[PDB]
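Asker: Compute the structure for the input listed below.
(3 chains)
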Amino acid sequence: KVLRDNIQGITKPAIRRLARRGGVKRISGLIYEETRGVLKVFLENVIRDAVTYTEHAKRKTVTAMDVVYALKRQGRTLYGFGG
Amino acid sequence: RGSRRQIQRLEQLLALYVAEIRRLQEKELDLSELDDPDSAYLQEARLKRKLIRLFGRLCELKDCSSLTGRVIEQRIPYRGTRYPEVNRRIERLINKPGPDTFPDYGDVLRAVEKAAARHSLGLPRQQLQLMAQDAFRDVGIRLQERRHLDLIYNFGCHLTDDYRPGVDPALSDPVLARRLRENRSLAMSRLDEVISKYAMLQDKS
Amino acid sequence: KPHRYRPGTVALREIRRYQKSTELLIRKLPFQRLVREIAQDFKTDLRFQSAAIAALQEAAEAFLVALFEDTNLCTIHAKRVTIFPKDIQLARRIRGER
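Answerer: Residues are numbered from 1 along each chain as shown, chains lettered A, B, ... in the order given. Below is the structure in question.
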């Protein structure tokens, strides 16, 4: 019945550690998969905005500055940065 | 006091590591480079570790502490209860050094019960529980704030150090702003969708 | 108070940032590959400044940790429990974003 998913990617130890860094000592099995998913979605959101900026500048290279502009639009995470 | 000549040499080396880190930071990685264990990103990470070790050794040489002036180093006081024993124990709990200091409710409650029992304060169980919940809330706010500030005051690099929000290109370009708005509506939906996905999975199991 | 070392050749702000980068919990090769996995879907010709990957990782780890902080803060029980997806979601609806 029980089954182990295959993953090439973020390993369980790092996920348990991010959770712990949040004060969460114990996490379910589905939390690993969720954390990978949510991480992917967040990165997609940021990169989508960053590339919008990169294309507006007519570059092919996403810069750190593109990433900052994008990150500031993602809500609380970078809120307040730079002023 | 450390050898002046050796401090000078180590500081020149430190500056060299910094120059190379700045060089690596500006490297543009294509998609195949992002698949590479020897990429400039990983070279840069390893060089940062090397640098931090050297900084540590220079701190040995000058008999200084290892402190860098991080926001998370600054102590968070807690006076929140009417029992200073409890208050001290809570200050202790929340002021442990490191990126990982974030208690859960159980930790707070354990600190409260421990200070109680230790000092024989005669506090009953529901008073203890209420004290712990109020405390946990307080320290939660302070810890989250300290991390947020540590992040935003320590973010990025020389390439982003001139950032200011008033320079956002989107402010002067309505087409760009419109596309970003559209993106934002999509982003919010995608995040809700992944959160819901894993909740649903938890239920169906 | 402690004694503070302030190098002549490098500012402390720089040092703080390098230190923080060593504090990241996600292995950096898997991380850059996740970025590549995503970027592949957008444009075949995209490149990234290394510093942009760094900004992405720092922000992303902060984002995940804050999800857990919120969950932790909303979880009040006498006996410690294991954190589940529904807990993440409910905490997010209570103290989280949008």
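Asker: From now on I want contacts and neighbour counts done on CA atoms only, so please keep to that.
Answerer: OK.
Asker: Report the contact partners of residue A:68.
Answerer: A:50, B:160, C:55 (C-alpha atoms under 8 Å, 6 or more residues apart in numbering or on different chains).
Asker: In contact with the residue lying closest to the second one once chain neighbours are set aside, which residues?
Answerer: Distances taken as C-alpha to C-alpha, 6 or more residues apart in numbering or on different chains place residue A:65 nearest to residue B:160, at 5.8 Å, with adjacent residues excluded. For residue A:65, the contacting residues are B:159-160, B:163, C:52, taking C-alpha under 8 Å, 6+ apart as the criterion.
Asker: Residue A:65 falls within a helix, correct?
Answerer: Yes: the assignment for residue A:65 (DSSP: H, G, I helix; E, B strand; the rest coil) places it in a helix.
Asker: Quick check: the gap between the residue nearest the centre of chain C and chain A.
Answerer: By C-alpha atoms, centre = their mean, chain C has its centre lying nearest to residue C:61, at 1.3 Å. Residue C:61 sits 8 Å away from chain A, going by C-alpha to the nearest C-alpha, to the nearest Å.
Asker: Go ahead and confirm that residue touches residue C:24.
Answerer: Yes: Residue C:61 is within contact range of residue C:24, at 7.4 Å (criterion: C-alpha atoms under 8 Å).
Asker: Leaving out the residues flanking it, which one is nearest to residue B:97?
Answerer: Closest to residue B:97 by C-alpha to C-alpha, 6+ apart is residue B:73, at 6.9 Å.
Asker: Quick one: neighbours of the one you found, just the number.
Answerer: Neighbours of residue B:73 under the rule other C-alpha atoms under 10 Å in any protein chain shown: 16.
Asker: Repeat that for residue A:34.
Answerer: So residue A:34, with other C-alpha under 10 Å, has 21 neighbours.
Asker: which other helices and strands contact the lengthiest helix in chain B?
Answerer: Assignment by DSSP state H gives helix B:174-204 as the longest helix of chain B. If contacts are counted by 3 or more C-alpha pairs under 8 Å, 6 or more residues apart in numbering or on different chains; DSSP states H and E, helix B:174-204 sits against helix A:30-56, helix C:85-95.
Asker: Throw these into TSV and include distance to chain B, thanks.
Answerer: Shown next, in TSV, are the helices and strands packed on helix B:174-204 (distance: least, C-alpha to the nearest C-alpha, whole Å):
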stretch	distance to chain B
helix A:30-56	5
helix C:85-95	5
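Asker: Tell me which of those helices sits most buried.
Answerer: Mean neighbour count (mean count of other C-alpha atoms under 10 Å in any protein chain shown) peaks for helix A:30-56 among those, with a mean of 20.
Asker: Which strands or helices does that one pack on?
Answerer: Counting by 3+ C-alpha pairs under 8 Å, 6+ apart, helix A:30-56 packs on helix A:12-21, strand A:61-62, helix A:64-71, helix B:174-204, helix C:28-42, helix C:50-73, helix C:85-95.
Asker: Now render those as a markdown table, adding distance to residue B:111.
Answerer: Shown next, in a markdown table, are those (distance: least, C-alpha to C-alpha, whole Å):
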| stretch | distance to residue B:111 |
| --- | --- |
| helix A:12-21 | 18 |
| strand A:61-62 | 48 |
| helix A:64-71 | 38 |
| helix B:174-204 | 33 |
| helix C:28-42 | 36 |
| helix C:50-73 | 16 |
| helix C:85-95 | 24 |
